[PDB]
Each structure stands twice: as C-alpha cells, then as structure tokens.
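This document opens with one chain alone, in structure tokens, the form solved without the DNA.
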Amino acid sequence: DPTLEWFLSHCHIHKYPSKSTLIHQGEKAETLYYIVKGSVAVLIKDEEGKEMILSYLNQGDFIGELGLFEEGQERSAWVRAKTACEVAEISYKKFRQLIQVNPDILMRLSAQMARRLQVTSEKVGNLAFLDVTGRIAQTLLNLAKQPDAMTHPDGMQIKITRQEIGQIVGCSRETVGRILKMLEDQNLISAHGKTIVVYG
C-alpha cells in the first residue's frame, strides 16, 4: 500500500542487533518507530526489580507511540530486540505533519494502540482470573503463532527459555519447568529443553 511507502519515505532506518535496547523506560520520548523487520520484546520491571514481558511486537508494528500525544512524555517501557531488527524512525514533529496530510496513517497507528489496550487488559485480568497452568497454556499457543515459530511434522515448534515464559506469565523458572512437564504429560506439547512442539 502507498500510505505505508509514503510514511517510510519520511523515516530513516536503524539496525539493532539481537538483544540490543531500542528504548529505555524513562527516556524523553521524541520519536516514533515502525518495525520493518524482526521482533522486539516490551519489558517493565516491578517495584522489586523483577522483569516482566508486556508484549512482543513484530514486523508491521509501531513502537514509541505512547509519548506522541501530549508534551513532555517519558518512554513507558524498555524495548529490546529479540532478533536482529530493522526499524524505521521518525520525529514526532514530522509525524504530526504527516498526520495532517493523510489521516489514514494515524488510523493505522491508533488501531494498534486499541488492540494493545485490549490485549494488555486481558492479560491483567488473567493474572487474577487464570492459574499459572492456564496462562502458560495460552502463552504457548500464542508463541506458536509468532513469526519465529516453525512448522513441524507434529505441529508448530517454538524456541524459548523457561525464564522467558516465567517473565511472560509472572512465575519462577522452576514453576515453568514443572508446568511444562504437566502439559507434556497431558499430551498438549512435547518438551525438548529450549525447544517445544505445540500441538495446534
């Protein structure tokens, strides 16, 4: 679509190696990103320093949008490259100009914000309403739908550490280990360390 191409023509490209940080929580926010390639993790850290993965974002996702709409905003979270990342970046000042030229670019941005509120709202509810077995089950399904998932003779294969899962659902690495074992025993997955096949 030409709207996106137009948008990108006003951006400039940065490349981020896997594990590098694109955005630090608390920074003054002045620029918008769009993921051209790769994936990032959005992270926050509780009052006792435990890291918490709010979301993964992928090709086609905007980042750094939350600071755009009122003056003097700080970045609300850390964003770290999960894989080699290529991102287009544009100043808020410039983006505001584009918005006036073609409102559709704001529509696409706002649509992702709405989706994120829906998703994050469900996540907070599940923290109270779902047990860790349930949260991990859902997470495994979600990861199987991610661009880095691999089709498998037996289903969809994912690569992920117990630590990462713990940071997603809010539990210890050991808890994850035990629950992965249960889900296996329940014939929902087949574990292989940092390699898991999800059935469906």
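The numbering used is simple: start at 1 and walk along the sequence shown. In this text, the rigid core denotes the largest set of C-alpha atoms whose superposition between the two forms falls within 1.5 Å. Only residues modelled in both forms are compared.
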Can you tell me which stretch has the higher mean Cα B-factor, 125-133 or 110-118? 125-133
Select between 43-51 and 65-73 the stretch whose C-alpha atoms have the higher average B-factor in the entry. 43-51
For the C-alpha B-factor as written in the entry, point me to the maximum among 57, 140, 36, 150. 150
Among 188, 22, 176, 11, which residue carries the highest C-alpha B-factor recorded in the PDB entry? 188
So where's residue 26 on the chain's Cα temperature factor ranking, which third? middle
When the deposited Cα B-factors of this chain's modelled residues are ordered and cut into thirds, is residue 144 in the lowest, the middle or the highest one? highest
Where does the C-alpha B-factor of residue 165 rank in its chain, lowest, middle or highest third? lowest
Hey, what third does residue 79 fall into on Cα B-factor, ranked over its chain? lowest
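One more form of this protein, solved in complex with the DNA, exists but is not displayed; see below.
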Partner absent here, but in the bound PDB entry, which of 131-139, 144-152, 52-60, 34-42 has residues with a heavy atom within 4.5 Å of the DNA? 131-139
Residue within 4.5 Å of the DNA in the bound PDB entry by heavy atom, from 24, 10, 15, 178, is 178
Mark residue 200 yes when one of its heavy atoms lies within 4.5 Å of a heavy atom of the DNA in the bound PDB entry, and no otherwise. no
Does the 4.5 Å heavy atom contact test between residue 2 and the DNA in the bound PDB entry come out positive? no
How about residue 157 - does it come within 4.5 Å of the DNA in the bound PDB entry, if we only consider non-hydrogen atoms? no
Is there a heavy atom of residue 70 no more than 4.5 Å from a heavy atom of the DNA in the bound PDB entry? no
From first to last in sequence, which residues of 1-40 have any non-hydrogen atom within 4.5 angstroms of the DNA in the bound PDB entry? 19
Conformational change between the shown form and the other one, one of 46, 131, 70, 174, C-alpha moving 2 Å or more after core fit: 46
Using a 2 Å C-alpha criterion and requiring 3 or more consecutive residues, which regions move between the shown form and the other one after core superposition? 46-49
